[PDB]
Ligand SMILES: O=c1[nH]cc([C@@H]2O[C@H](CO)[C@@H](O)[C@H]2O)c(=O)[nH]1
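A lone chain, given as structure tokens: the form deposited without the ligand.
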């Protein structure tokens, strides 16, 4: 469907604004390989956008790992805490966010990451995340399930004042679960997937781009870059 104008933007964090998915990947690969299993792209495609416990359970079930979701979360989080602060902004992220800010376009963050993980990941980036109108995290009491459940995006949209119609919201996502959550919420979505994701999982979004650098805001009725 052709892109329609929007007034409010909602961003994913992991893999979209920050390069944190590579950190998850290295840690889960190390754990999976102990058990002679490969933490592969098909598995990643299932768990990106999920809350930590949800993701862990899926990894365990799909790869048949001999652990509980609680054990996998505890171990992986212990390892990830050491490296989360090294997260870096993705290409085009700063340019876009600063542009939206200048033009007073409301935008917010909607991430399945919990509080502690968010705090660690954003250690070097507090000035960037301070530009968001508001932030909804995965441990928000209003949000029961991770993506592809639409609740995190619905909750995020409802916290703008005044709240927009969902159809005037534009989501930015790197993950197929996030694309599905946006569509289920009645929102348009720009996907910026890793090119290793399958064709089937990267042909559902309103627009699919190789980089945020390629996003043309005017396509959605927003101001062009200066």
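Positions refer to the first chain, counted from 1.
Although it is not shown, the form deposited with the ligand bound is what the next lines describe.
No clash is found between the ligand, overlaid from its position in the deposited bound form, and the backbone or C-beta atoms here, as no atom lies within 2.4 Å; the site counts as open.
Residue-level contacts in the deposited bound form: of 179, 47, 185, 169, one residue has a heavy atom within 4.5 Å of the ligand, and it is 47. Note on contacts: among 55, 189, 192, 157, the single residue with a heavy atom within 4.5 Å of the ligand in the deposited bound form is 55.
Residues placing heavy atoms within 4.5 Å of the ligand in the deposited bound form fall in a single listed stretch, namely 24-32, out of 61-69, 194-202, 160-168, 24-32. Of the heavy atoms in residue 122, none are within 4.5 Å of the ligand in the deposited bound form.
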